[PDB]
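A structural walkthrough
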Amino acid sequence: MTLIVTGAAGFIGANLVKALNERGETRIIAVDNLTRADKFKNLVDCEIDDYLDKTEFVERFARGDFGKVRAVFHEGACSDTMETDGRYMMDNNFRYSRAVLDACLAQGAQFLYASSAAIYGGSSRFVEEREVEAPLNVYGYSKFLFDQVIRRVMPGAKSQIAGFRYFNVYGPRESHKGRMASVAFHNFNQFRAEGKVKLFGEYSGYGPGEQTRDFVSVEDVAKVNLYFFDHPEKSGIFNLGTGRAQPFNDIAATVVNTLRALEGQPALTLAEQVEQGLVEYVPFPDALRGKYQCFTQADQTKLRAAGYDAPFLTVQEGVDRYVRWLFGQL
Amino acid sequence: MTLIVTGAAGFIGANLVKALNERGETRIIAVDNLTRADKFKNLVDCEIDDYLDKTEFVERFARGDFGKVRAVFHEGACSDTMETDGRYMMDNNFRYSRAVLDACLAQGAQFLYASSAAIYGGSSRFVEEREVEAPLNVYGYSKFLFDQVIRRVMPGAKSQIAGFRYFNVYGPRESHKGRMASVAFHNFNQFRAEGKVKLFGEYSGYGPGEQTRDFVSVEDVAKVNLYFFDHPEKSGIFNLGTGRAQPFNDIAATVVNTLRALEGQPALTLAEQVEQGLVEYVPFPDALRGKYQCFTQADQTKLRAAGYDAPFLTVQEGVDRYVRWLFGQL
Amino acid sequence: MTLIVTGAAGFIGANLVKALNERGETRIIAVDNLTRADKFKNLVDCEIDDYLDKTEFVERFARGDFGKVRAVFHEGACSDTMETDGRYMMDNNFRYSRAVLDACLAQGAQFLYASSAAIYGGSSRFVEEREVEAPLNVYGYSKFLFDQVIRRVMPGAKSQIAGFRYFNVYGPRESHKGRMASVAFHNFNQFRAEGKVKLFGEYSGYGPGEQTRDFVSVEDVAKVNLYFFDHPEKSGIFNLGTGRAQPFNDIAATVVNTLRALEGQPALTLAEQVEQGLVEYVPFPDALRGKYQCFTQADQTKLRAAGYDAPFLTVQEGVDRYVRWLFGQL
Ligand SMILES: NC(=O)c1ccc[n+]([C@@H]2O[C@H](COP(=O)([O-])OP(=O)(O)OC[C@H]3O[C@@H](n4cnc5c(N)ncnc54)[C@H](OP(=O)(O)O)[C@@H]3O)[C@@H](O)[C@H]2O)c1
Ligand SMILES: NC(=O)c1ccc[n+]([C@@H]2O[C@H](COP(=O)([O-])OP(=O)(O)OC[C@H]3O[C@@H](n4cnc5c(N)ncnc54)[C@H](OP(=O)(O)O)[C@@H]3O)[C@@H](O)[C@H]2O)c1
Ligand SMILES: NC(=O)c1ccc[n+]([C@@H]2O[C@H](COP(=O)([O-])OP(=O)(O)OC[C@H]3O[C@@H](n4cnc5c(N)ncnc54)[C@H](OP(=O)(O)O)[C@@H]3O)[C@@H](O)[C@H]2O)c1
């Protein structure tokens, strides 16, 4: 009956908590780090039995302080793809994940954790295979390396181990994420303030805004998590995206067109938006050269094969919906 | 026989200590943090058995260093609503509270603790139910989450669990609270120093000074605590206010008129005070936008239904008396 | 045919040039100081024969560089009531006026010049008599003293000498005046930028926004000027105000209601606007204490008796038109 969500105050974690709550699961231990306070807003409409700081958790879990725990959704991680202290990164992501996993295996708790497509780096295949993994930054490396450990532990594991390589995740509860929030959230606040949105210009062969990613709503991230939570016999590392890749232009053009409908104005093509200065491009930062993915697209074979067969919200549906939820404040 | 008050050197905890002394209860263990040394003034006219820093107390209380303890008045918390380190807020408030609760439950000691009307946030109703609780800042969240825990502990709880959601408390012994002391106290000093008082202006559709709160003197706060102390059979989460919501304008008008009256001057209406420059309005801080409660009014129903039928001082009686008490200094 | 206007690129001067332009007079020497370049806008739709800086003008004028000159409209002065260098103020205002006056007398030219109601200081009568004149700042004194000199020179003067004590003037071509522009102009920009307007709070027994002035449109100012221009037989020093005094609140509220009417919204009362936060009050600046007129109202007796019988635009007609015109930039 007792559930544990780490990263609970965060974008994905709190979304999981909300989804658990909505199916009546409420005996939840929330673990996070509230040093940046505003995250708390994410848990205000939630039901949990306890809160701990990430520094007090592991040793108390291991000790059995929370009793009989059914599952741990391990979303807690430093998600700053620009953080430079790799020692911190490896301790806070990799080592920590390991102590959590060891505690789950020692107790028979299901272990559902967040991985990242950043692991793929500049690959042209996105299949859950070591062969094609080569992360561009130390964040991606911390995730990559934990995935390697998972592959060694999985065959001998009697309790569930399910890892999700989230792609570009967007949706409610990311408001606190700063520069690490999604492009859609960024585009939203930009249009509210300056009446126009921003995207990176040309870089490494891709036109302005033509860099493409697989954008997934949290709604679908939470659905997938619950599916494997419900099937403790399914273990593995799974891509979690839509299998459909789109340029950043679609995010921007969509956010703009949806904010215009909310005020009466008719939809515009991307080109009209650029023409009218509704979309403008910022020159690509030197700090991100060689460390940036210009293309990602989930191969969906593995996830579908495991029996998750529901459709995924498209950019059009999901971003439009997300902007409207965002607009819900005036 | 041994009593313990945390927050002992602060506003409400020191009023509790004195109230206990005024009934021959003097075997008190006092717990606070004297880093800001001026607080000591709150215990000079008091009788206590011991003083401990908040950091060395929880260890000694569980270990039973204080012998048999009848009750704990857990008033100690970080009361700075603008404190921004949520990790500290959750540790010093929430986690600390649970530890005190756990030791209290372990030893069958009564547990009377301070909550806060901040928990209700911008809600339209003020009844002790999860459905109207939405805190606006992390301070509120730390009080909120402890209350949720108490609702899970309570049914099984052998011993007394008394939690009081204080509203806007004013009165003596709050002199050290700086920017967190009551508006009454601020106005007094302001008047003494500049010959005028200040209030926030228009914010969120409330006119200047027209934001409204439920103001309760400490005296009433101290009576309610003693009542539940005398009644270990009574347990619950109670609103502690007067049921009567007044605008900030009233406090100021009262402070100005009481201070005028102390110098043989006639009373003015608010409309005269504003026209005379005795009341002026500072524009509303952007640091408070969306984090500020514009309306509170205690729903007394649950507190009455527990046998506390005594009447509460009004703003006119309480502020007047407090202002006169303050005027005692030269 | 040759006409001179000092302060030509400033507020009143440029209105004189345009009005003269509109009855066929285009033989105009313009004299100003364009260091703050933006005043140049004031002359764009105008016809002038020459432009000189104020520092090179007087020598050339007295020497006869401009040939026969019918009249000089002397509007050029430092109009910063908050300027603290009184040596500069007396040189740029008082001595400059005397040098221009002398040259006029010797050439036989009409001399129309700007005085100021600032001359009356905190007086309770506003008649053109020495007995009720006592300026509060050095600006006022520079005009005050010059007027005394005119009263000595006028008896045996062969050409026209007309001096106008402008009250609070408002209207187009004051965009460059900064903190010295009319309150109507300030409110317009305050409202366009923040959807609310600012006025001074209580000072010296006048409530928030209650200090009153005699507000006169530049159109009337230009009209009175043109009248005496037409009648060289009339000399003297005259009040140029409406005879009607309103509080600043009237200006504020008239500006708000007029802008609201343009966005379709309904008109509000002053107390409504104050309660809604549309009008807020700034603490009176110490730098103005004892240097600030709380009341002005022109006694029109002398102006009428000289022949000027026309009606003056009131605040409601004038400010409304000023606001609509100002709104013409979008
Ligand atoms: N598009 C996406 O959002 C995306 C894509 C790929 C992977 N992911 C993964 O999704 C997970 C959650 O991401 P998110 O979007 O929700 O970011 P997030 O909002 O920052 O959530 C993470 C929260 O957990 C905290 N935390 C960090 N390390 C922790 C630890 N060792 N134990 C417990 N809590 C910890 C973080 O706070 P502090 O860091 O300040 O301590 C943060 O508040 C991460 O594992 C991330 O790698 C997300
Ligand atoms: N208007 C009100 O007065 C109001 C309204 C709602 C709730 N409350 C609650 O009433 C209680 C008392 O508030 P107050 O007005 O008396 O403010 P206070 O004067 O600041 O009292 C708290 C004192 O306890 C200290 N303290 C902080 N954390 C502690 C801990 N974990 N253990 C022991 N002592 C600790 C504080 O010092 P440091 O913070 O410097 O460490 C402070 O001296 C608080 O819990 C507050 O949340 C008050
Ligand atoms: N509320 C009112 O509008 C009001 C009330 C009473 C009297 N007045 C008088 O009306 C006249 C015009 O005022 P205004 O509202 O039009 O202000 P203005 O816009 O500042 O116009 C005056 C212009 O004359 C320039 N100037 C200063 N000294 C000069 C000089 N010795 N010779 C030639 N030009 C000079 C000024 O530039 P710099 O100063 O930067 O050098 C300024 O550009 C002033 O004499 C003023 O005292 C106005």
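The following refers to the structure shown. (Residues numbered from 1 in each chain as written, not as in the entry; some residues may be left out. Chains lettered and ligands numbered in written order. Part of a larger assembly, values for the part shown. Heavy atoms only, no water.)

**Topic: the interface of chain B and chain C**
By a frequent convention, interface size equals the accessible area lost on bringing the separate parts together. The partner chain C presents 12 residues to the 12 residues of chain B that form the contact. Roughly 660 Å² is buried in total at the junction of chain B and chain C, and carbon and sulfur atoms are behind 50% of that figure. At the boundary of chain B and chain C, one finds zero residue pairs in polar contact. Grouping the constituent residues of the side of chain B that touches chain C by class yields five nonpolar, three polar and four charged. (Contact = heavy atoms within 4.5 Å. Buried area = accessible area lost by both parts, 1.4 Å probe. Polar contact = N/O pair within 3.5 Å; in protein donor to acceptor, adjacent residues only side chain to side chain. Nonpolar A, V, L, I, M, F, W, Y, C, P; charged D, E, K, R; others polar.)

**Thoughts on the relation of the copies chain B and chain C**
For the match of chain B to chain C, the screw axis carries a shift of 0.7 Å, the RMSD comes to 0.3 Å, and the turn is 180°. Here the transformation between the copies is reduced to the relation of a two-fold axis. Using C-alpha coordinates, one finds that chain B approaches the rotation axis most closely at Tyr281(B), a distance of 3.7 Å. (Least-squares fit on C-alpha atoms.)

**A few points about the pairing of strand β5 (residues 110-116) of chain B**
Residue and element names in this part refer to chain B. In terms of burial, β5 is a largely internal element, seven of the seven residues being buried. Burial of the side chains of β5 extends over both faces: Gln110, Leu112, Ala114 and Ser116 are buried on one face and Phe111, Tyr113 and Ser115 on the other. Relative to β5, strand β4 (residues 69-74) runs parallel, the two sharing four bridges. Looking at β5, one finds that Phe73 is bridged to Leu112. Between β4 and its parallel partner β5, the chain crosses via helix α3 (residues 86-107), and the hand of that crossover is right-handed. As paired strands, β5 and strand β6 (residues 161-166) are joined by six bridges and run parallel to one another. Considered in β6, the bridge of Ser116 is made with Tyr166. Running through helix α4 (residues 138-153), the crossover from β5 to the neighbouring parallel element β6 is right-handed. (Buried < 20%, exposed > 50% of the residue type's maximum accessible area, 1.4 Å probe, protein only. Helix = DSSP H or I, 4+ residues; strand = E, 2+ residues; numbered from the N terminus. Pairing = 2+ DSSP bridges. Right-handed = clockwise from strand over helix to strand, strands pointing away.)

**Looking at the pattern of salt bridges**
Enumeration according to the criterion identifies 64 salt bridges over all chains in this entry. Here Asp320(B) makes a salt bridge to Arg324(B), at a shortest N to O gap of 2.9 Å. In this pair, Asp320(B) and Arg324(B) are both assigned in helix α10 (residues 315-327), four residues apart and thus about one turn of the helix distant. Exposure remark for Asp320(B): the relative accessible area of 16% places this residue in the buried category. Across the salt bridge formed by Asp65(C) and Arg63(C), the nearest N and O atoms sit 2.6 Å from each other. Of the residues examined, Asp65(C) reaches a relative accessible area of 34% and is grouped as partly exposed. Several salt bridges converge on common partners, so that one network encompasses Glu47(A), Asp49(A), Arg130(B) and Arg152(B). (Salt bridge = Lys/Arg side-chain N within 4 Å of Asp/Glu carboxyl O.)

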